[PDB]
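>>> Experimental structure and sequence below, a few questions after.
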Amino acid sequence: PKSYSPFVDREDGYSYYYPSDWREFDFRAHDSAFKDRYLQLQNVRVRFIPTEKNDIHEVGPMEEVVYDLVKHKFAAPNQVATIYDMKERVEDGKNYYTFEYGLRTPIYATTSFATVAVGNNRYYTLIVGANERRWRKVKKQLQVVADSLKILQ
Amino acid sequence: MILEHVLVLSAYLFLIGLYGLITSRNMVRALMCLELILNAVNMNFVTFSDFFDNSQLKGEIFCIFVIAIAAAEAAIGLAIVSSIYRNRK
Amino acid sequence: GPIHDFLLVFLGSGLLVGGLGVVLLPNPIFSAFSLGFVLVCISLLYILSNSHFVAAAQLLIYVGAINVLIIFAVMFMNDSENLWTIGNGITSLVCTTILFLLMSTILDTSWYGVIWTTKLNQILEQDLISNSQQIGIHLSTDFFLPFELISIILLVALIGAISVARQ
Amino acid sequence: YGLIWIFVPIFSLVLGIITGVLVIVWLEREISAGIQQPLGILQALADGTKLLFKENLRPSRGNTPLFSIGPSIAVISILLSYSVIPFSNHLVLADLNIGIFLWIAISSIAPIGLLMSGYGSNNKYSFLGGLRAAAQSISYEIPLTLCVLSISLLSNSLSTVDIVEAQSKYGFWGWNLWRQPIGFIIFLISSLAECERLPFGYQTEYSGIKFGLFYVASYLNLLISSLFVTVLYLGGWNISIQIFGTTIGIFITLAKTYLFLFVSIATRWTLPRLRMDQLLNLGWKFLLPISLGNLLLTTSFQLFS
Amino acid sequence: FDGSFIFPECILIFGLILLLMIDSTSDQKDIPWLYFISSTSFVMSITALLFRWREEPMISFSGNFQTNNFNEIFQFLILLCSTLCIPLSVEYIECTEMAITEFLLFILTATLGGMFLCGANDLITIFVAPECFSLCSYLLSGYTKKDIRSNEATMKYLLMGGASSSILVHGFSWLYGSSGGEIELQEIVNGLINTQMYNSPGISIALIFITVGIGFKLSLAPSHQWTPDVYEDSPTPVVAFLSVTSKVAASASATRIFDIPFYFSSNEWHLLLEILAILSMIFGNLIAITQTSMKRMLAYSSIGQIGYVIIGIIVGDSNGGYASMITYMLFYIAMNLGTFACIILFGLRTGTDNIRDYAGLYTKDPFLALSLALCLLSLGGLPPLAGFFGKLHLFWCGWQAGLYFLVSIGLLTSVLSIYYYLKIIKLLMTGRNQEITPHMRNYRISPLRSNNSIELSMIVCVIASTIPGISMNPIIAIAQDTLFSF
Amino acid sequence: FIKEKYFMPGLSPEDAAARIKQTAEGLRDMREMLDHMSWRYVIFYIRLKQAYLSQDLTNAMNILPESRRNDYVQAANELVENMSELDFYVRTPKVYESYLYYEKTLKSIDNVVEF
Amino acid sequence: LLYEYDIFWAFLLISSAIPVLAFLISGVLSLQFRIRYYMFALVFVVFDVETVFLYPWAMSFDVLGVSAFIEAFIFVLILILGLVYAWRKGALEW
Amino acid sequence: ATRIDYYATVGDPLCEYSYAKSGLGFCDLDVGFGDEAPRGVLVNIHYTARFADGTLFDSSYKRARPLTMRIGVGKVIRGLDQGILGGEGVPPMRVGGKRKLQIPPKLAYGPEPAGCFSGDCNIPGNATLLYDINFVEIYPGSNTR
């Protein structure tokens, strides 16, 4: 974490970082969402679903859960969802799904290096996005932010 | 949830103003009622966009387009009225 | 909640009496200010309708600019004069039959039965949430032809209002 | 409890701006005493109670609805636009995704209150004076909203807290002073001219509480214009070059608005009227093209970012 | 996002920038070259449209403009109307000492609005482009500024046209609502069944309001009272331009917003138009008999001709296509702009437009009298002229499709129109040295600038009202290949 | 068309017993919109089904014995307060609490149709 | 959805009731033919429409590339040509 | 339930439904020859739509024109998009193709009575519709938007 900040939420569980002096703002229904004051869709957000599980490798496989998370629970029908590579890690004792997709409407070229996790009767779906017109320059920064989500008890 | 009542409301602004557009002695009253008709159409569009199309806000885009057109209409009609008030004696 | 439908019915009562003021008031200046009250109620309906930028634009251009020009027209009063400018036996007949058609249409039509349909096209694409950004991208490039045409209509309307109002 | 926690921001902001307009009258009296050469704090409230407890003086012409509502809408068209100011990271009255556009519309509906006030007063002085007030509130509105548009284009957002936070990225030099000093000038002259301050009555019949409503509405227009200069150009709570962050940011923006009030009253006292002809020659022929010029300059410069 | 299919239209707005440039630099020193760049803009748009004839019906913008062969043809007809009427008002403006500048702007942008309305596909553009047309129309009608009768006339025109568009767009609103939240006509009918509102009272109300607004914009006989009051006051050249151009553009719309999005209810819809058509064939051709004016009875005869056009609107693309309607709008342009050109020359030489002043024109001007007589006989259509054979094609398609009560009434009213056309031709062939007026006695052809370009378009319209009745097979063959209107 | 459902007479208790199951299965398949955060359609559906429930339960109680009525009204009032908290947490949209109270009203409406 | 303006509605209710309360407590206790301002407002009405149309573009200028830039360049070019038209003609003239 | 809008057709070839993973009863009858159904363009289809028991309620032959739908972008029922294009690897349609579909109510209009104009409704709750799609062509000029 060079120019980064470990924003912890000890009442919720999630903790992660921000690239460079990103502001805080209220999303529609997410908690943090932390946009960046000049770009519009260059923001990192995260939420919960009160599930009844503890591991993400039992609700379904990664290659099968990213499909119905992106094509059926993120992307609207008006946009096509070019799901890029999906990767897996293990932090302490928990699996770690992190993937990449591009929601291409006929307009509005954008993409998102979202990750997903679970724990404590919650389902963490930390999303971070940007514009596809300027994504290759801001790829690794949002990558190292997206894999930096941590869950703790 | 009575929210479909505004459509009924729209019809009232479509009709009474039209009476006030048809039973109009002076031209600015007729233009005011024309603005009322455009309001009935416009709130119908906004209500339909709230109902049926919130991702694409097509009725709301239509509100912006029709309110621009209404601005041009009243602009020209009141240029006409001012030119008449000039050319009357 | 109940505030929603109560405020809607209240705005409807105030707006219908304001429109009847635009229609059936002898002094047309009062008919211009009743119109302004009606348009405030329209902007409040649009805020109720979750169309915020639209309500602000209607409040900006259509009383902030239109009712200004209107009251300028009225205070400099002009003159007095099968759908046509007749009355007292015809316009009320077609008004009443169109009104009863519309009441037998709107009240006798499950609008919620339609909102339960056409849902896949309004699931609010998750990336953007701000209403005015949604309006700006759909005004600019989706509806680009009318967005380009209104500039021309307004240019010609300016030029014609100057051609007319000078003489 | 479902309305107290949502009312107390409203009432606290209302009382804050009552103290604000009291401070504006006090600062006006202070600068006049300084340039012309204890009690004074209560002098403004004494003038308020003097204009409150007074005779009605209502003539016989029955335009009582407009007579009652004209100054009422004049107060609405200024006071409804206090739901926008992000004094700090918190304690803003509304998130308000369209922050400044609400101010544009609510300041643009003010000429309706002006005309209703001029017509409620059945007086041919107030008629022509309200026509002039409408002409100046209208004729400086376009470059005002153009410079606002250019600022919202720089920030790429309409919500006021977003533009306030966007001013603080380069640092203090990231203020819109050093991005749009032309548009800064447009905002100065439009807040000074549309408010009927640097140039300039029409209240020869409204005596009593209506005169006080016009009084407090004019000074609230001064207040909201100064606050907007602070959150657009001077920065809201950003001084780069928990709970107390709010209380120091409110004082930062209040220092900035006191600075702007001082400059405003100084500009008022050091330049006379513009005689109503150079007024319109400025607001339309001079100010509108240069406002469009800064619009084109930011629209060409934000092509990079 | 390269929308090249709108190049014939963008040319116009490109030319319009040049128009304002000529209004910018010198501001007074360009009378003829301004009209020149405008006419060359029209012909440049025409040749660009002919260059883009072979392209597919590809929808260019993001669901907003369909450049079909049908809409291509109608854009060609609007451009032809503008190009044949652009030399009608080269002398009316210098007669009423008005500004040729910004009149060219209004004409060019009304042509632009019609061009966009023909190819328009969104309910937004079926609202914006008709309103470009209508606002330019209200400006063109109120352009003389010499009195107060024309001012109240064009103000009532503005009010009734705004109410017309408001009824039309209330119907479009009910389209957008009952069809879920869908616009873009090809998707509208899919929306009416995705939400299962095809059999709903709301969509029937949408149809009624839309067809009422269209009959207003087409001056069909119930919704027609505006044309007589507003074509008497408005100056004759823009009367010609707006009558012909609004009616051809509104026929493009009355094909587009009826066949594509309203075919499911095409039974009920047909009856509506049929009623209006019958009425517009009767009352129009039954009013102009007893009219002492000339522009007014020309407006009623135009109402009758559009009533004949609705016969070709009612028949589909299969059982006699829209080729009859297309070629009749072609002949309608060709044989109404000629009549309006003759009415213009009789009014730039005599001054008035009352019909009793036309008595005695055969002696003063045999060529102008012959041109007006031939144009009116084309409109009535006794011998093999353009309008006769156009009506023949219309009644052929109507009989073949099985509209006997349309065709028979249209033929009755064709006779009824022949009456007043020959009543005009009575006057401009007769003469008795006192049945002429002191406005006909002093005609003065020779005290003129030169052999005008008014006469060029007049004789072009006379030829195009005479021979295309004979030379009709090319026009039918180029109008039959518009089968993609769906 | 609720503006005429105010004008039309009320439903029968058997019609109420049918409409309550209709509302149950309608609340079931709102999960396609809760996850997509389409809060406007969700609040429309929630307010309409609450206005249905208010006139539905008090009219459907009449077909049950008095031994069932106690636990039935207990579960009904728990469902109603759950629904009101859901309406609060979606009109003040928070996805976690909204989905939590959504599961609460589902695990209560599963046991209202049982009577 | 009734979250962003739930405070605004109460603010409007209070601020629209306070003049009524003020007038209540105050009732218990104690032919020119000038036309140029017309034309000024007549040029403003359409200029304000163009502001209304430029606002949401600028709100949504970032997600779009040079396309939105050229769209608004056409828009403001038409606007400044109308402005030069108002200059060279007797529109403002005061 | 009622309002069938009685249109006596002839029927279509029956065939077994090779079900999908999204619950869609999928059944190809005649494989088209040409370009695949593109995601996002206007496509002209013909269809006969039937309820569970087999009664017909809507048909494009009733109005005697192909139905122009924009597929993929959710202008239609999810069953139609998933039975024309195919989400879970289901084969898409070609031009000149035919296909039967048993639309389940999870993809069809839910338990909601879709379309209720006066008293009775076009569609009842939990309809498990039955479509017989005859893909006739792509729209001759179409956009992916």
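All right, it came through fine. Numbers count the residues shown, from 1 in each chain, chains lettered A, B, ... in the order given.

>>> Tell me which residues touch residue 141, please.
Went with chain A since none was named. residue A:19 (C-beta atoms under 8 Å, 6 or more residues apart in numbering or on different chains). Bear in mind the C-beta positions are built from the backbone N, C-alpha and C, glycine included.

>>> not quite, I wanted chain H
Counting by C-beta under 8 Å, 6+ apart, residue H:141 has contacts E:56, E:57, E:58, E:59, E:66, E:67, E:68.

>>> could you check the distance from the third one over to chain H?
Just to be clear, that refers to residue E:58. Using C-beta to the nearest C-beta, to the nearest Å, residue E:58 is found at 4 Å from chain H.

>>> Quickly find the element holding the nearest residue to that residue once chain neighbours are set aside.
In space, and not counting its chain neighbours, residue E:58 is closest to residue H:141: 3.9 Å by C-beta to C-beta, 6 or more residues apart in numbering or on different chains. Here residue H:141, judged by DSSP states H and E, is contained in no helix and no strand.

>>> which of the contacts of residue H:141 lies closest to residue E:127?
Lowest distance from residue E:127 to the contacts of residue H:141 (C-beta to C-beta) belongs to residue E:66, with 16.0 Å.

>>> Test my guess that the closest one contacts residue E:59.
Yes. Taking contacts as C-beta atoms under 8 Å, residue E:66 lies within contact range of residue E:59: 4.8 Å.

>>> follow-up on the earlier one: can you tell me which of the contacts of residue H:141 lies closest to residue A:122?
Closest to residue A:122, out of all of those and judged by C-beta to C-beta, is residue E:59, at 46.8 Å.

>>> The closest one and residue E:65: what is the separation?
7 Å (C-beta to C-beta, to the nearest Å).

>>> which ones are touching residue F:87?
C:1, F:43, F:46, F:47, F:50.

>>> my read: the first one touches residue F:91, true?
Yes. Taking C-beta under 8 Å as the definition, residue C:1 is a contact partner of residue F:91 at 7.2 Å.

>>> ok, the one helix or strand residue F:58 maps to near chain E or not?
Element membership for residue F:58 (DSSP H and E) is helix F:39-60. No. Using C-beta under 8 Å from any C-beta of the partner chain, helix F:39-60 stays clear of chain E, coming no nearer than 11.7 Å.

>>> CA atoms only: put that helix into CSV for me.
Below are the C-alpha coordinates for helix F:39-60, written out as CSV (Å, rounded to 0.1, in the frame of the first residue of the first chain):
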residue,chain,number,x,y,z
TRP,F,39,-35.5,-0.3,-6.2
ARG,F,40,-38.2,1.7,-8.0
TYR,F,41,-40.1,-1.4,-9.3
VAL,F,42,-39.5,-3.0,-5.9
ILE,F,43,-41.1,-0.2,-3.9
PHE,F,44,-44.0,-0.2,-6.4
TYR,F,45,-44.5,-3.9,-5.9
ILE,F,46,-44.1,-3.6,-2.1
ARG,F,47,-46.5,-0.8,-1.7
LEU,F,48,-49.1,-2.4,-3.9
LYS,F,49,-48.8,-5.7,-2.1
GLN,F,50,-49.0,-4.0,1.2
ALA,F,51,-52.2,-2.2,0.1
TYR,F,52,-53.5,-5.6,-1.0
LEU,F,53,-52.5,-7.2,2.3
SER,F,54,-54.2,-4.5,4.4
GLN,F,55,-57.6,-5.3,2.8
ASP,F,56,-56.8,-9.0,2.2
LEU,F,57,-55.9,-10.3,5.7
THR,F,58,-58.8,-8.6,7.6
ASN,F,59,-61.2,-10.1,5.0
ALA,F,60,-59.5,-13.6,4.8
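
>>> Thanks again, I'm all set now.
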